[PDB]
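# Chains, contacts and geometry: an overview
Residue strings, one per chain:
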Amino acid sequence: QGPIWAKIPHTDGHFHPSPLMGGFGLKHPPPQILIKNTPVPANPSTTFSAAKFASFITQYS
Amino acid sequence: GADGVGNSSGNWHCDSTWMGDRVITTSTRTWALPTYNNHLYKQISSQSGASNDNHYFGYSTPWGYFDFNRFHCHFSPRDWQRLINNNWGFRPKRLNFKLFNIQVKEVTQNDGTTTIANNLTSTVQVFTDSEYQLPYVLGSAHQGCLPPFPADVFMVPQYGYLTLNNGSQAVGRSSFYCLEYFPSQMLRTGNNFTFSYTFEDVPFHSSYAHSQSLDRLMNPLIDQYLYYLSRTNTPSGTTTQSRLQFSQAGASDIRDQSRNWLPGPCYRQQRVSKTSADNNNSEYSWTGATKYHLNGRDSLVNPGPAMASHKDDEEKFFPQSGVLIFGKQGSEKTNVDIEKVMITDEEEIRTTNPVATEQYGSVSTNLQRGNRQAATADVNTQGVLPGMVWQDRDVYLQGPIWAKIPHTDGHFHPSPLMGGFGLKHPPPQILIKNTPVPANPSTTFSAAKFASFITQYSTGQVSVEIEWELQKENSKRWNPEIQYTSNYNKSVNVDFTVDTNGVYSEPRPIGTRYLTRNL
C-alpha cells in the first residue's frame, strides 16, 4: 500500500536519486491528469450587467 | 453493440424446427434485474446455534445470473412428443445465446408514491467466465429458470457461493472471488451481447425401455448342458443320508440356470406408502434415512443410485428419498401435504436395476461341516462387480438437463444422479450486474466510501437456441407400442394450458422412456 514512484526535483546536483519513502525516482514521471466540470450559467438578467456571474446550475459527473 | 435509442437491438426468433436428423430449438423471455446487496459483497455463515452438519461459510455477490438447466425451458409439451414417442435417444450437440433490447429505469420514492423514468446513459455489464474459474452453482437444481410458458416474465436470481468451513468459522484454505476482477462488457441502451458454445461428446440418453428382464435371456424350449447341484441328501431309509445329486436346468426351473450377467449395484432405501394408514407412527424421517458421512457430518442421499422404485403390482410404495419429487402450481415451501407434490415413478428399470427398498441378494456366512448347519445373510449394499449392467435415471421434463463433473483424480462412470448429461466443460455461467451510479457527493473531499447511490433497475429480453441430435428407432416388433396420450374425456380445464385466471400449470411429470427395445 506504499507509493510506487516519485519525481526527482530539477536541480544542479543530486546524489543517488532513489527516494526515501520508497519506490522509483523518475526525472519525468507519469504526468498528472486533471479534470473539471464545465460551468453552466443560470438564468441571466434581461438587462446587460458586466458583473461576473455568481450563479450556476448545481451539477456533478 | 450497435445504434440505439430508437432502434431495436434484436428480434424474436423463438421457434422449433425438425430436420429429420437433428432438432433445433429457440425460446425468448423477458427479464428484470434488481440491484442486490446495495452494490457490495458480504460474507454469510450459518446461525450461531445449529446442527454440526448444518454449518456453512460463504459469500453473496451483487451479481446475478441466467440459468436454463431445465428441459421445459426448451420444449413445449407438444414438441416434447416428437422426441419421446418417435425416438430412442437424443443428446445436446450445440447451443447459442444472446441478450438484446436493454433498458434501464431509475425510481424516485419522493412522497408516498414512486415514479419511474428512463436513464438513457446508464449501463449494464455482462460476462461469461468460460474458463471455469468461479465456483459453479448450476446443476444444483435451484429456482429461477426461464419460465416454461413463453409469456411470463421472470426475475434474475442472485449469485453466491460457499467454501471450506470449520464450524461457522472459515479455514485458511477458503477462497474469496471478486467478480469485478474479470473482464466484462458494459452494455448501454443500444448495445447487445452474444456468445456461442459447443458441447463435448456425450453418450445418448436412453429413452427406450427393455422388453426383456435380465432374468430371462433364453428360450425355454431347450435345456442347458451345464449342471447345478439340485438335491443335497437322499432318503436312504426312515433317516436320510447325505448324497449329492446334480441336474440340468430347463424351462421348469429357470431360477437355477447359468447366466453371464448380474443386476446393477445398490445402496438401500427405506420404504414408505402413499396410503397414510399404512405407515408407522413416529418420526423416522431423519433417523430412518440413508446417509453418507463426510468429515464428521451426515448428509442425506436424496436421489441415490438409480433403482427401480415400487417393485411389481405395488404402486403404493416408493423409496423414502429415492425418487425425484416435483411440486404442483403454487405450493408453499415447507411442510406441504401429499396431494400437493407430484412424485415421480420409475418402474422401467425393473429389468436390470434392483428395487430400491429390497436387498441385492444373499451371501453365505459360514463354512458347513457335519455338525454345523449352513447359514447366510442378506446383503444390503453392493459396489460394482465385474460383469454387471444397469440403466440411468429418466431426465423427465421439468428436471435438470446437465451437470458438471467435479475436477478430480478419478471418477467412475460420470453420469450424474439427478439425471441428464455429465459434462467436464458445461455451458459457462452468464453473470450480469447494474453498474453503480453515485448520488450527489459532498463539496469537500472525503476519502470515505460512498454509501449513497441512485436507485435503479434494468430489464430486457433474452434468447437461447440449442441444437439436439436424435437417434431413430428401427424395430421389428409386430404389436403396437405404448405411447404418451392426453385423455380424451371432457374436463373443466385442459392439461398444460392456462386457467381462467391466466395461471399456467403442468399437471403431471412426463418421463422420456416409452418406446421399447429388447435387452
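Residues numbered from 1 in each chain as written, not as in the entry; some residues may be left out. Chains lettered and ligands numbered in written order. Part of a larger assembly, values for the part shown. Heavy atoms only, no water.

Per the PDB record, the structure was determined using cryo-EM to 2.94 Å resolution.

### Notes on the overall build of chain A
Within chain A, the secondary structure is distributed over zero helices and two strands. Taken over the C-alpha atoms alone, chain A extends approximately 65 × 30 × 15 Å along its principal axes. The buried share of chain A, taken over its 61 residues, is 3%. Of the contacts formed within chain A by residues at least 6 apart in sequence, a portion of 8% connects residues at least 24 apart. Accessible surface for chain A amounts to roughly 6300 Å². Of this, 63% is attributable to carbon and sulfur atoms. (Helix = DSSP H or I, 4+ residues; strand = E, 2+ residues; numbered from the N terminus. Buried < 20%, exposed > 50% of the residue type's maximum accessible area, 1.4 Å probe, protein only. Contact = heavy atoms within 4.5 Å. Areas by Shrake-Rupley, 256 points an atom, 1.4 Å probe, with all protein chains shown as cover.)

### Overview of the environment of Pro319 of chain B
Residue and element names in this part refer to chain B. Among the secondary structure elements, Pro319 is positioned in strand 21 (residues 317-319). Counting along the chain gives 11 residues from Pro319 to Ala308, while the straight-line C-alpha distance between them is 9.4 Å. Setting aside residues up to four positions removed in sequence, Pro319 forms contacts with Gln269, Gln270, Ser309, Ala356 and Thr357.

### Quick word on the packing of aromatic side chains
All names here are of chain B. By the definition in use, this model includes 29 aromatic pairs over all chains. Here the aromatic rings of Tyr65 and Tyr159 are separated by 6.2 Å at their centres, their planes lie at 85 degrees, and the arrangement is edge-to-face. Of the two residues, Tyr65 is situated in strand 4 (residues 57-66) and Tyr159 in strand 9 (residues 158-163); the sequence distance between them amounts to 94 residues. Taking relative accessible area as the criterion, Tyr65 reaches 8% and is therefore assigned buried. Using a relative accessible area of 2% as the deciding quantity, one classes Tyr159 as buried. What links up through ring pairs into an aromatic cluster is the set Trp31, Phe66, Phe68, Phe97, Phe193, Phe195, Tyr197, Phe199 and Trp402. (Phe/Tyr/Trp six-rings, centres within 6.5 Å; stacked < 30°, edge-to-face > 60°.)

### Comments concerning empty space enclosed by the protein
All names here are of chain B. Counted by the stated rule, this structure contains four cavities of 30 Å³ or more. The computed volume of the largest cavity comes to approximately 60 Å³. Forming the walls of the largest cavity are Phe66, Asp67, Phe68, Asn69, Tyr136, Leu138, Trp402, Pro427, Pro428 and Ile430. Its residues assigned to classes, the lining of the largest cavity shows eight nonpolar, one polar and one charged. (1 Å grid on protein atoms, 1.4 Å probe; cavity = no way out; pocket = protein on both sides within 12 Å on 5 of 7 lines; lining within 4 Å. Points joined across faces, edges and corners; volume = space filled by probe spheres on them. Nonpolar A, V, L, I, M, F, W, Y, C, P; charged D, E, K, R; others polar.)

### Structural notes on the layout of surface pockets
All names here are of chain B. Quantified by volume, the second largest pocket comes out at close to 710 Å³. Considering the residues around the second largest pocket, the lining is formed by 21 residues, among which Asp215, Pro263, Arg350, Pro354 and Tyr360 are closest to the centre. Residue composition of the lining of the second largest pocket, by class: eight nonpolar, five polar and eight charged.

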